[PDB]
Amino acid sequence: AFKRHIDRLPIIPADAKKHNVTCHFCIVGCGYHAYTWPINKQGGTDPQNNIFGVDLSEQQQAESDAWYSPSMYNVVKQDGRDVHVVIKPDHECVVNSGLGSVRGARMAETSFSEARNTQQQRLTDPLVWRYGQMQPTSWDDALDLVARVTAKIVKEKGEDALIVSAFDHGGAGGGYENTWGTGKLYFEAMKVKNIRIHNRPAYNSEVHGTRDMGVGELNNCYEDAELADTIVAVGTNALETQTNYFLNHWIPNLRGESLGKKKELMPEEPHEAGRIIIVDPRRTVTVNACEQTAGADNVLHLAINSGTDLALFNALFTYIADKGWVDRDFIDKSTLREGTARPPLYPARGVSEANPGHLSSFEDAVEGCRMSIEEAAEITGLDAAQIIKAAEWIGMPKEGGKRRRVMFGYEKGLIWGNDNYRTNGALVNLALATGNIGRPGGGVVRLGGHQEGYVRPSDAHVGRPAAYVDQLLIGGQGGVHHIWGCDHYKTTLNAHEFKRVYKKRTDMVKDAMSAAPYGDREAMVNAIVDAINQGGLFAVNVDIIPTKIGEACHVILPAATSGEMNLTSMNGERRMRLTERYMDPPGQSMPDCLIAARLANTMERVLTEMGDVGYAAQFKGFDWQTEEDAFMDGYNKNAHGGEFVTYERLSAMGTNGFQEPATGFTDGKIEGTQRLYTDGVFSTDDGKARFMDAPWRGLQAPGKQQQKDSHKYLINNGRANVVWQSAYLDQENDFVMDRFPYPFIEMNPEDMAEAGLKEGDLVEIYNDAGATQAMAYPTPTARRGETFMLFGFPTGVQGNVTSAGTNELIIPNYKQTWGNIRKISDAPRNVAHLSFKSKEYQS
């Protein structure tokens, strides 16, 4: 087992500089503080010599504020000087109440440190492919090259020849400053159509369904998970993936701890401990933890067949509407009352690829969705009694006929699941029908991924459906590719084909570059353009590490992430915080928003020198010298309630921030919105919500049914608790990599026995899309025929076996994947030290 052998830690002194810090990582947005103080000083164990006012000579008690793990401690540069830093979770933050997850609590140890040699992989200098390898250089040199190639291709081929891949998210590698910067470059200065997002290969929304219906996806507050009678948890593994929401808000509900709170806010009605329905094909540690906390009678795990959620929700909708277990006045008052006729191709297809579902009234939607318990039991593989029970836990009145309050929470099990638009809609139907939006203990919400931090100019030019970028790239289209803060090599769909083609096309430009003179820049630029014209691709990566896609790139631009800069974002409750800079960017690395600005300045200069003065002038408005300039040009001027928010005011509010949108500022407080839709006025022209007539139509995405019928196993995929995303930071973190050197593929012990495998064996997963590797992990809770592989992992990319299949709006259907499995090697020696024991807590 990995052990740091760090016997003691420097003590935070009493005069240490305090900084407010939102977690770099997940949507929950747990509050932390970073405390820094000069190298060559320290606190003492006497109360007035440390920050805690506590005697550190004696053993602190459980949940102590006066302790931190070694992963919370580092040394970093700050204004050019080495300082001690501790990054420690805030007890006073209502999101987390001092919880720090396994990811967040390692922000310090995954920071860049020369003095203690952490994250020495971090990018420090611009790199350019020249003289036969990547070579460091100046910013002026590298941007120049990028601008000139980009400018020439775009002048000769139009802006369609510029392909962009970029984060649209919040937190580290995202945020309002950084989404504004990149957005402004590509959508204000330019009209880039062939742009895709970090997690999906087109410029779309994850949840067009709920938005079209008028219900924006983050409509509740985290307190609603404490107040609900029933939590409906769809396609979430929240203990692993939205950890501290689960622990600090859901658990008190299930345990009975929030009964006093329920009673005070909602007398006039009966309350019991929270019950929970979990819709997930896989029995997860979330399921186990729910059972251990609430008892098994209070947990309904619907272990559905992969991709059958829509059938289940349509049955639930049918049964609840027939019983009349609905909020009649919410429907009359707040939903669309005049139905409208089905489009001609229904139920198989919508009016067009742009509208996969039919929006209409409650009663039209019920008749459209109508599915009996017996049909949904066939499709979902659930028992009829399980479906009836869940309709009861969602819809049945409580004693005295009072409305059952239900928080409906969904994430990637649904969004990357089958028929995203219709499944999304059919779940929103359940919430609208039961009046569970805009009310305490309600919500139909994304549980979320990254934090949120989106402000950009109009994307109207993009279209709906937008262009499927990976397919343009695979098919030889496009000339120049700017990649910001994502790594398709590890995380796109159909990733094996993507890599083969991306290498080949970038190699053409590599070979031309190696053979041409660099010091003569015009000749290098022309040699690149000639290669692009023959089918090559010139590629530029803006990142904080050497990425996998980066190995194909021609120019790499070093970025500064959260904490090295100021950053704003909101959590899954709309809670906007400012993370206050506490350290310097490594070497010459620079905030993304300022990278975009310097790039815009360079485009202007270059286009001017080419004599295209008109095009050059589109790139003005980028005079920003610090990230706050981007905040003010973007968020402050464009978000609803943006006028009320500044860095100074945000900082004053601390880690609790406020909930967006801001409604005003009085008495040094930004006033916010606790829940959305409290007045029953939805996000449509007429203020009414729509229901969705959304009939089940099987596996919707191309090739999926053929992939299921022709391979042995389900290759379910997703997150591990210990791993953050594509392990970009984690690959230089021994604690994480000592645990999983290879990605795990969870397999039922009997399935393993049948296939001739033993724990730790390295196996090839393969199908029609490609092939990859993973380490067999015996998982007694796994159903026969169903495996789960860790996604995004550098030592075994799951995406290689995901097909190209998307829904009509180009949403990638990663969860419905099937494959074969065969052995590559006996368990390697580098895996002999691992535990292969169950991940479930035992009582």
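In this text, residue numbers run from 1 along the sequence as written.
Comparing 153-161 with 286-294, the higher mean C-alpha B-factor in the PDB entry belongs to 286-294.
In this entry, 685-693 shows the higher mean Cα temperature factor of the pair 102-110 and 685-693.
Out of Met266, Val606, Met508, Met134, the entry records its largest CA B-factor for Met266. The entry assigns its greatest Cα B factor, within the set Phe631, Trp129, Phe330, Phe619, to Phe330.
In this PDB entry, the Cα temperature factor of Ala14 sits in the top third of its chain's modelled residues, the highest group. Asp224: CA B factor lies in the middle third for its chain, per the PDB record. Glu759: CA B factor in the middle third of modelled residues in this chain (values from the PDB entry). Among the modelled residues of the chain, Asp322 sits in the highest third by CA temperature factor in this PDB entry.
The entry lists a Cα temperature factor for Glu217 that places it in the middle third of the chain's modelled residues.
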